[PDB]
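Trainee: From first to last, the protein sequence lines are chains A and B. Reminder that position 85 of the first sequence reads as 88 in PDB author numbering, one-by-one numbering, no gaps. Reminder that position 145 of the second sequence reads as 147 in PDB author numbering, one-by-one numbering, no gaps. Backbone N, C-alpha and C fix where the C-beta goes; we use that ideal spot for every residue, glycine too.
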Amino acid sequence: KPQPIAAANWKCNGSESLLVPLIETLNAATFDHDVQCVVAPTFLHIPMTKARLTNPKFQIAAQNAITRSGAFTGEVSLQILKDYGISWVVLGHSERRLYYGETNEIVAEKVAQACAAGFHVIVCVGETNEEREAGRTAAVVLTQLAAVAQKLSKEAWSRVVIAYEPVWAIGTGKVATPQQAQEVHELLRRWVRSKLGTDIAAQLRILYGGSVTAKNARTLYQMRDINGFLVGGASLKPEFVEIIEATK
Amino acid sequence: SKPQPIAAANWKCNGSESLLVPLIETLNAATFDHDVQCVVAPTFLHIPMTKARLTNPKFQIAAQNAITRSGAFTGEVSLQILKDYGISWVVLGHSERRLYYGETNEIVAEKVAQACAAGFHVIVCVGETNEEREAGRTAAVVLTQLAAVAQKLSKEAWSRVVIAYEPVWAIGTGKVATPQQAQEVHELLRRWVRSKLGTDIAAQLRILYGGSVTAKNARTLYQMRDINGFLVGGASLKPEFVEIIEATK
Ligand SMILES: CCCCCC
Ligand SMILES: CCCCCC
Ligand SMILES: CCCCCC
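Here's what the structure looks like:
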């Protein structure tokens, strides 16, 4: 098992009065085992987070970005993020895929650009309730991953992280059973092994996301192909600390 | 007898500390003695640094976009989050969001309705593409874009509403719109408002020109009767933006 990752996706949430204490708790929590922590605040809150977050085990990521600077009102580019000293980015979140027209190809574009820019990337893949019921899970996630891999060189994979978040488990409280997560993660790593080798597939981090809580993190991490979590809701609470502890 | 003018700077997806700090210093060093409302709209990421250094009394900071509510919307920023941080000005419906991000008329109207309900000053963008203009649908298009937001707003809301006409037809083809071409549309827009919403509304409504503006043509444009200012693009990331503001004197 490679170094685990505990990522917090605050999504479209937060206020100064809410984030200050939360960041404080994060700064006092001293984890000893090897673990990479990542917090993803909104663009407007990256500045204050990067100013107060002092825990050396933590890194700050953006929740999204576009490939180049220019006439794109309202968007933020990888170049602007880089000049600010941010080197982690979440791309292809299902919410962006479903609501803001981010197609497999658009996502693959963003990931390729981010990798070249030197970013560490968390790419989200995942199937919907109807896609699973129709028995198309495997086809869906592999097609999503394949579009991304097609634009990457072998060396870029060292900066790539996979996040599997079944849409039917987002903000629904319906977490996948450990066996359910294991199965898909297993599928993902095997495809990567058969395609890029054992070395890369062995070092690759596949994170699980979707109604993760301190009450089920430990059990989910027990599985051999789960390398951590991408946490939403519970990431805005001191509970996140316990979830990081479950990656021991 | 034009209302108070507005000089807005849409920095779009551009910026860096090294570029922005000297720009803010320039704007802070400038003093405008006429009644003008200035606005700078930096990327979300740069809003904090701009709010901590911006001192010019005639300037307000605005957001380049926003969504109606907070929650599970990865990558976006909501009106409430912006409000809590002390931002009360927002740009919505920009042609770039309408063309690359599928923001329809209905989506833009809900965004404006909610921004008004939250106490924001709103700059709603409207404009037709080259295809639409060539097919002779300029009026049908802009008035439809405007009618969409109008239907969602109460009368009192319009006091915090500002309109920006975007000549997408000229922008997307590299052509330059003459002052008359601009005024032809501003006039139709004010006409519609004056006969649909009120004579009081039309007299106080600011309709900014969002085409290509520079210190060279800024004065010639503002001299037109129904143009109350500008929504500046690239020229707003340079010191010449000061001259564009002065052009509204
Ligand atoms: C910049 C990627 C978003 C795609 C919108 C259609
Ligand atoms: C480069 C960002 C524009 C979005 C195109 C879909
Ligand atoms: C094609 C001419 C444009 C004028 C619209 C009022």
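Taking buried to mean at least 16 other C-beta atoms within 10 Å of its own C-beta, is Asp202(B) buried or exposed?
Mentor: By the 10 Å Cβ count, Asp202(B) comes out exposed.
Trainee: Where does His96(B) fall in DSSP's three states?
Mentor: Coil, per DSSP.
Trainee: Going by the beta-carbon positions, is the gap between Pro169(B) and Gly129(B) smaller than 8 Å?
Mentor: Yes, Cβ-Cβ distance for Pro169(B) and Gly129(B) is below 8 Å.
Trainee: Report the rounded CA-to-CA distance for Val187(A) versus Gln147(B), giving the unit in angstroms.
Mentor: Rounded to the nearest angstrom, the two C-alpha atoms are 46 Å apart.
Trainee: Quick one: Cα of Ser90(A) to Cα of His123(A), how far?
Mentor: In a straight line, the C-alpha of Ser90(A) is about 6 Å away from that of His123(A).
Trainee: Pull up the DSSP beta-bridge partners for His123(A), would you.
Mentor: Answer is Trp91(A), bridged to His123(A).
Trainee: Can you name the residues of chain B whose CB is closer than 8 Å to the CB of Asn16(A)?
Mentor: Those are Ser72, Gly73 and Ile83, listed as they occur along chain B.
Trainee: Just to make sure I have the definition right: I need the residues of chain B whose C-beta is within less than 8 Å of the C-beta of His96(A). Which are they?
Mentor: Going along chain B in sequence order, the residues near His96(A) (Cβ under 8 Å) are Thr76 and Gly77.
Trainee: Which of the three DSSP states is assigned to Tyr102(B) in this structure?
Mentor: If DSSP states are grouped into helix, strand and coil, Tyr102(B) belongs with the helices.
Trainee: Checking the sheet assignment: what are the DSSP bridge partners for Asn12(B)?
Mentor: Answer is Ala43(B).
Trainee: Kindly list, in the order they appear in chain A, the residues whose Cβ is closer than 9 Å to that of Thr45(B).
Mentor: In chain order: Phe46, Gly77, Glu78, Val79, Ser80 and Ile83.
Trainee: So what does DSSP say about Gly235(B), is it helix, strand or coil?
Mentor: In the structure shown, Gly235(B) sits in coil (DSSP, three-state: anything other than H, G, I, E or B).
Trainee: Among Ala74(A), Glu112(A) and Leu25(A), which residue has its Cα nearest to the Cα of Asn67(A)?
Mentor: Closest by alpha carbon: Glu112(A).
Trainee: Just verifying my parser: in three-state terms, what is the DSSP assignment at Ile109(A)?
Mentor: Looking at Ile109(A) - three-state DSSP - the assignment turns out to be helix.
Trainee: Indicate whether at least one CB of chain B lies closer than 8 Å to the CB of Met226(A).
Mentor: Chain B, which has no Cβ nearer than 8 Å to the Cβ of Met226(A), makes this no.
Trainee: Which residues of the stretch 197 to 212 of chain B have a Cβ closer than 8 Å to any Cβ of chain A? Give them in chain order.
Mentor: Correct list: empty, as no residue qualifies.
Trainee: Within the structure, which residues are defined as neighbours of ligand 3 by a Cβ-heavy atom distance below 7 Å, reported in chain order?
Mentor: Listed by chain position, these are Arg135(B), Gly138(B), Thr140(B), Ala141(B), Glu186(B), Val187(B) and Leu190(B).
Trainee: Does the beta-carbon of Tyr102(B), which I'm using as the reference point, lie nearer than 7 Å to any heavy atom of ligand 2?
Mentor: At least one heavy atom of ligand 2 is nearer than 7 Å to the Cβ of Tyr102(B), so yes.
Trainee: Confirm the yes/no value for this check: CB of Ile165(A), any heavy atom of ligand 4, distance under 7 Å.
Mentor: As for ligand 4, it is missing from this structure, which binds only ligand 1, ligand 2 and ligand 3.
Trainee: Tell me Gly138(A)'s beta-bridge partners as DSSP assigns them.
Mentor: Answer is none; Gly138(A) lacks a bridge partner.
Trainee: By Cβ distance, which residues of its chain are closer than 6 Å to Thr140(B), with the 5 residues on each side in sequence left out?
Mentor: Taken in chain order, the residues that qualify are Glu130.
Trainee: For chain A, check one thing: does any of its Cβ atoms lie closer than 8 Å to the Cβ of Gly231(B)?
Mentor: Chain A contact via Cβ: absent.
Trainee: Are at least three pairs of beta-carbons, each pair with one atom in the stretch 142 to 157 of chain A and one in the stretch 103 to 112 of chain A, less than 8 Å apart?
Mentor: Touching, per the Cβ criterion.
Trainee: Thinking just about the alpha-carbon of each residue, which of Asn219(B), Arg227(B), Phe61(B) and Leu22(B) is nearest to the one in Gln39(B)?
Mentor: Closest option to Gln39(B), Cα to Cα, is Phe61(B).
Trainee: Starting from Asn107(B), find everything on chain A with Cβ-Cβ shorter than 8 Å and list it in chain order.
Mentor: Those do not exist, as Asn107(B) stays about 17 Å from chain A at its closest Cβ, beyond 8 Å.
Trainee: Consider the Cβ of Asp35(B): report whether some Cβ of chain A lies at a distance smaller than 8 Å.
Mentor: By this cut-off, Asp35(B) is not an interface position.
Trainee: For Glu19(B), is the beta carbon positioned less than 7 Å from some heavy atom of ligand 1?
Mentor: Incorrect: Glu19(B) has no Cβ contact closer than 7 Å to ligand 1.
Trainee: Can you tell me whether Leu101(A) is buried or exposed? The criterion is at least 16 other CB atoms within 10 Å of its CB, across all chains shown.
Mentor: Looking at its Cβ environment, which holds fewer than 16 other Cβ atoms inside 10 Å, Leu101(A) is exposed.
Trainee: Measuring CB to CB, does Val143(A) end up less than 8 Å from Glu134(A)?
Mentor: In this structure, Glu134(A) lies closer than 8 Å to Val143(A) by Cβ.
Trainee: What does the alpha-carbon distance come out to for the pair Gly77(B) and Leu47(A)?
Mentor: Taking the straight line from one Cα to the other gives about 11 Å.
Trainee: So, does the stretch 172 to 190 of chain A touch the stretch 224 to 239 of chain A, judging by three or more C-beta pairs under 8 Å?
Mentor: The stretch 172 to 190 of chain A is in contact with the stretch 224 to 239 of chain A.
Trainee: Are three or more beta carbon pairs between the stretch 178 to 186 of chain B and the stretch 214 to 227 of chain B nearer than 8 Å?
Mentor: Contact holds: three or more Cβ-Cβ distances are below 8 Å.
Trainee: Quick check: is the beta carbon of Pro50(B) nearer than 8 Å to any beta carbon in chain A?
Mentor: With 8 Å as the cut-off, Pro50(B) counts as an interface residue toward chain A.
Trainee: Helix, strand or coil for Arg208(A), going by three-state DSSP, please let me know.
Mentor: In this structure, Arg208(A) counts as strand in the three-state DSSP scheme.
Trainee: Taking only heavy atoms of ligand 1 into account, decide whether any of them is closer than 7 Å to the Cβ of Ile69(A).
Mentor: Because some heavy atom of ligand 1 lies under 7 Å away, the Cβ of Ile69(A) counts as near it: yes.
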